[PDB]
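Just below is one structure, and these are the notes that go with it.
Cβ atoms come from the backbone with ideal geometry, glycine included; neighbour counts cover every protein chain shown. All of this is worked out from the model, or read from it or from the source named; nothing here is a laboratory result.
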RNA sequence: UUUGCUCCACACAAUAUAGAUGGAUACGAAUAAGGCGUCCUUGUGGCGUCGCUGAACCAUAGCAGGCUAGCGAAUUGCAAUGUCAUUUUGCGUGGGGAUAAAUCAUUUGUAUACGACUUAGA
RNA sequence: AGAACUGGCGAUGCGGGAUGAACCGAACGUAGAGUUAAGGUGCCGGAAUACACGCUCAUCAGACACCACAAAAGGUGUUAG
RNA sequence: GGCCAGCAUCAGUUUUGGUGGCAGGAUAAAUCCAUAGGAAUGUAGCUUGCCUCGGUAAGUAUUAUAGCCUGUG
């Protein structure tokens, strides 16, 4: 029921996350997918590389700028997957893609907000263990994406800030939980805990 | 020999006598006890004081609980109803924080509108003291 | 087809004046209802005796429940079936608690592993194995040892809401 | 207080349709917090309103309302059907409607 | 089908320490320290004792049970190269043209080079892998003894000299010139 | 030639909604594993505890939301938005603020089918 | 290319097979409600990311009869007899 | 005296819940009870070197300081 929903797309399967987003963004929900360089996709590596180099062959013969555009960034591979699952040649589908933004890494507008995770599209719930999967960052940088090292650099410049934030908030709840225990032996806590509270 | 350090897993493992929590179906939410292992997906249960019959339910519909009581494999309803009390299972179950929250989320759903109003006028008081217990910077 | 129910069916050639006491024939048939069971009687009987539905009658059809449906039993199943090229005879083993649950487990186990439908399977003999040396299939022998404890490593929590606000933990 | 709501904000999914054909008399409303057909039986008959904003003022109001009721449940997930008086304009696919509690049986 | 329980046992020798958390095996001992990462296997270790580690698996197939005994042997090769060590004796075979092997420390590290291999004019560089000391047998003029505390970085380096000293466009059964491995022994034996 | 224009302050009118009505409430890594607590020689360390859904947590007592420094709350008749939030754009009111270029015509040839390009000129 | 028996298209829309004269369902006054057929229910797309037991990892996997193809011959791939 | 709504009370068709009474079967089978035999994935006790009163090692021992099956009522 959040207006903007930020999805932590680490360890999500590509086509299963793209199907619970196309159905959600067609119902009027501004969905922001975030750190798509850590998306997963089943099958082993060179099998998925070969399913991409079959896609790179498909271009228009008479003028190759007409045909299918082979976008290489991991945000745009997931955006290729979502756009297949929306009727994007209409005004309903075009408006349903104006409610979707996808980035790789977590940008500064979205680092301070909560990130939610789709349970029916995670790798560790769907894929049977022992299967070989493929991280979308390593796949996309092998077909010509140039800014994997930048996104890995900027993400480490923000993981050390979010760890700095968590240590401040952990020490916050330490001095709150050590203080609220004196406010537990009251009568209102004896009055409220029978109410399921 | 010398010191050796290993930290892998300590699991709730399905064996004879383990208490399970029936989560799906006719006996929903009640406790049971595995009496005989059929195969790696299906088992045989019985809980008398919880009131369930002696089914042969598969493991996709039960949840394993962290407690166990000893009984031989393949015991009957007259046997499991004795060891359920001679090992004191149900009062051990209420002591866990799991069965506290199952009773808590049941109690929260059973309140009417008066004690949906009584909570907020008393949570105003519980909010009032924690700005006087944490009354600092 | 469906959730199986074991019937018995007694049948009889229709009498005539020369022989007004023909012999009764009994079959224990796993089928889904009273109508399919009476059809499977005149299938296996007509492959054994000179009698059709038109020439004979059905004496009695009853249902057979189990005396101990709360006890595991190492079942031993003899079964013939038509492959895509030829006919075979087999012997598997089932573990399940009820005789009709073993036949339900059998038809699933044969339609998966050999692609043999219901129409191309004739069961032969389903018998409880009384002591633990007649069990001769490895995949049943592991459940027949002392102190059978195994864990369930990879638990998944089936969700109701479509989003979650913490990374799920599979621990059991 | 800033507590004012007496409705439940459902979305307007689509018209009642098959593949390749749609029937604009019946619209499918996705109520929030409803996940089964049983407990979508609570909202049957309760009336919806699609409130929207127009530019030309009628009766001294810039907001116009389209009423209608909830008729029967749709398949297996708490979608319900609805029959509005004037049918919803199909520009509102993915637009918040408000299911009230007006004919009440609690 | 899926075997309900499959266990192996790793006997841990004396004075040898083993550290495992989340399928990363750090072994320290009387000579050397080895850290092998095993995240690609579904395997549960358990400390049943201080002298022997039980390694087990649950509900594994034929594929997965086969990949259990390869884990016990990989830990056993870790502790064996930590108690004793590993040494690979390699030997020069040449018909007429002598092979002249040295050790040079270039800009990066101890490259190994061979020269005059079958009269060739191109040097054949091959780096050492670290943890592997390089040794020449002084008494025998045509011998080289690799050695180290891991069997992997020695044998990959021992196969490196076999790969680089190959022949081209000739009968390999006639031109049997090269630098082959003959002995795979331990250090303290 | 204080008519131009820029910005900041209500008095406005006005147009436009792909669709606000409590709160988008922030570690990272791993899942055959972790969170939190707790001391300790500070570790791939002891010890406790927790998960099995966020149905949580935070907020929320009044005329569409008061007060004298305890009173105002009716008849909007039995339901009919029963409203009210924004994004813009012009016009008044006064508080400041800055004081230009481009194109055509003429020219140049590093350019040129025409446009374009590149140059020069108070 | 040619006959026998019926059914259909021609002369016929409709729901399904993405698409199609002939296949599956079913044949038509104009509307409302209800229930289904054939086919379907991750998303495009109305409808279970249902349930249950298995099998399968493919460096050209495989997925809706007519129908848009594949064979002898093989393989200590794995599973079952 | 008109249109348009809302609610009652009905009518026609229908959809979806709650709950009660019976009837049948091996007059359900089971469980539970009663009893008699039996065995093992062997309980007690007992017998062996270890040794934490047999524990863990196995030999007897068929309910004992757990129980299980099968027949019959």
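Looking at E:66, E:56, E:95, can you tell me which residue is more than 26 Å from residue E:187 (Cβ to Cβ), within 14 Å of chain B (Cβ to nearest Cβ) and either surrounded by fewer than 18 Cβ atoms within 10 Å (Cβ to Cβ) or out of contact with any helix residue (DSSP H, G or I) (no Cβ under 6 Å at 6 or more places or on another chain) (or both)?
Testing whether each residue is more than 26 Å from residue E:187 (Cβ to Cβ), within 14 Å of chain B (Cβ to nearest Cβ) and either surrounded by fewer than 18 Cβ atoms within 10 Å (Cβ to Cβ) or out of contact with any helix residue (DSSP H, G or I) (no Cβ under 6 Å at 6 or more places or on another chain) (or both) leaves just E:56.
How many residues, within segment A:75-104, are away from RNA strand F (no atom under 11 Å from the Cβ) and either in contact (Cβ under 8 Å) with a residue 24 or more places away in the chain or over 18 Å from residue A:29 (Cβ atoms) (or both)?
Count: 14.
Mind telling me which of the residues D:53, D:59 ends up being away from RNA strand H (no atom under 16 Å from the Cβ) and more than 14 Å from chain A (Cβ to nearest Cβ)?
After ruling out the rest, the residue left standing is D:53.
Give the number of residues within segment D:32-50 that are surrounded by 12 or more Cβ atoms within 10 Å (Cβ to Cβ) and more than 16 Å from RNA strand H (Cβ to nearest atom).
Summing the residues that are surrounded by 12 or more Cβ atoms within 10 Å (Cβ to Cβ) and more than 16 Å from RNA strand H (Cβ to nearest atom) in segment D:32-50 gives 1.
Residue A:131 fails exactly one of the following numbered conditions: (1) surrounded by 11 or more Cβ atoms within 10 Å (Cβ to Cβ); (2) within 14 Å of another protein chain (Cβ to nearest Cβ); (3) part of a helix (DSSP H, G or I). What is the number of that condition?
(3)
Which residues, taken from segment E:7-25, are more than 9 Å from chain B (Cβ to nearest Cβ) and buried (at least 16 other Cβ atoms within 10 Å of the Cβ)?
Residues satisfying the conditions are E:8, E:10, E:25.
Is there a residue being within 14 Å of chain B (Cβ to nearest Cβ), out of contact with any helix residue (DSSP H, G or I) (no Cβ under 9 Å at 6 or more places or on another chain), in a loop (DSSP other than H, G, I, E, B) and closer than 29 Å to residue B:19 by Cα anywhere in segment C:161-168?
no
Quick check on my filter: what residues within segment A:141-167 are part of a helix (DSSP H, G or I) and either closer than 15 Å to residue A:71 by Cβ or touching a helix residue (DSSP H, G or I) at 6+ places or on another chain (Cβ under 7 Å) (or both)?
Passing the criteria: A:148, A:151.
Can you name every residue in segment C:49-80 that is outside any loop (DSSP other than H, G, I, E, B) and assigned by CATH to the domain that holds residue C:27?
If the condition is that a residue be outside any loop (DSSP other than H, G, I, E, B) and assigned by CATH to the domain that holds residue C:27, then C:56, C:57, C:58, C:59, C:60, C:61, C:62, C:63 are the ones that fit.
Please count how many residues of segment D:16-30 are away from chain A (no Cβ under 12 Å) and either touching a residue at least 40 places away in the same chain (Cβ under 8 Å) or at positive phi (or both).
6
Applying the selection to segment A:105-128, what residues are crowded, with 19+ Cβ neighbours inside 10 Å, in contact with a helix residue (DSSP H, G or I) (Cβ under 7 Å, 6 or more places away or on another chain) and touching a residue at least 24 places away in the same chain (Cβ under 8 Å)?
Answer for segment A:105-128, where residues must be crowded, with 19+ Cβ neighbours inside 10 Å, in contact with a helix residue (DSSP H, G or I) (Cβ under 7 Å, 6 or more places away or on another chain) and touching a residue at least 24 places away in the same chain (Cβ under 8 Å): A:105, A:106, A:118, A:121.
Restricting the search to segment A:18-53, which residues are near RNA strand G (Cβ under 8 Å from one of its atoms) and either over 22 Å from residue C:166 (Cβ atoms) or not in a helix (DSSP H, G or I) (or both)?
Answer for segment A:18-53, where residues must be near RNA strand G (Cβ under 8 Å from one of its atoms) and either over 22 Å from residue C:166 (Cβ atoms) or not in a helix (DSSP H, G or I) (or both): A:18, A:19, A:22, A:23, A:26, A:42, A:43, A:44, A:46, A:47, A:50, A:51.
Can you tell me which condition residue A:15 does not meet? The list is (1) in a helix (DSSP H, G or I); (2) over 20 Å from residue A:140 (Cα atoms); (3) more than 16 Å from RNA strand F (Cβ to nearest atom), and all the others hold.
Exception for residue A:15: condition (2).
Give me a count of the residues in segment B:12-39 that are surrounded by fewer than 18 Cβ atoms within 10 Å (Cβ to Cβ) and facing another protein chain (nearest Cβ under 7 Å).
Residues that pass the stated criteria total 2.
Give the residue that is farthest from the other protein chains (Cβ to nearest Cβ), with candidates limited to residues of segment C:130-160 that are in contact with a helix residue (DSSP H, G or I) (Cβ under 9 Å, 6 or more places away or on another chain) and away from RNA strand G (no atom under 14 Å from the Cβ).
Ranking the qualifying residues of segment C:130-160, first place goes to C:132.
Give the residues of segment D:72-88 that are surrounded by 13 or more Cβ atoms within 10 Å (Cβ to Cβ) and more than 10 Å from RNA strand H (Cβ to nearest atom), sorted by residue number.
D:74, D:78, D:79, D:80, D:81, D:82, D:83, D:84, D:87, D:88
Could you list all residues from segment B:61-89 that are away from RNA strand F (no atom under 16 Å from the Cβ) and in a helix (DSSP H, G or I)?
Listed by number, the residues that qualify are B:77, B:78, B:79, B:80, B:81, B:82, B:83, B:84, B:85, B:86.
Taking segment A:54-105 only, how many residues are within 14 Å of chain D (Cβ to nearest Cβ) and either within 16 Å of RNA strand H (Cβ to nearest atom) or in a loop (DSSP other than H, G, I, E, B) (or both)?
6
So for segment C:97-114 (the condition being part of a loop (DSSP other than H, G, I, E, B) and facing another protein chain (nearest Cβ under 8 Å)), does at least one residue qualify?
There is at least one residue in segment C:97-114 that is part of a loop (DSSP other than H, G, I, E, B) and facing another protein chain (nearest Cβ under 8 Å).
Against the definition (over 30 Å from residue C:163 (Cβ atoms) and out of contact with any strand residue (DSSP E or B) (no Cβ under 6 Å at 6 or more places or on another chain)), how does residue D:5 come out, yes or no?
When the stated conditions are applied, residue D:5 does not pass them.
Please find, within segment A:178-192, the residue that is farthest from the chain's Cα centre (by Cα) out of those that are assigned to a helix (DSSP H, G or I) and more than 9 Å from every other protein chain (Cβ to nearest Cβ).
It comes out as A:190.
Return the residue satisfying two criteria in turn: it lies in segment B:106-119 and is surrounded by 11 or more Cβ atoms within 10 Å (Cβ to Cβ) and in a helix (DSSP H, G or I), and of such residues it is farthest from the other protein chains (Cβ to nearest Cβ).
Selected residue: B:117.
Just checking: which of the strands (runs of 3 or more DSSP E) contained wholly in segment E:127-189 hold 3 or more residues that are farther than 22 Å from residue E:105 by Cβ?
The strands (runs of 3 or more DSSP E) meeting that bar are E:178-185.
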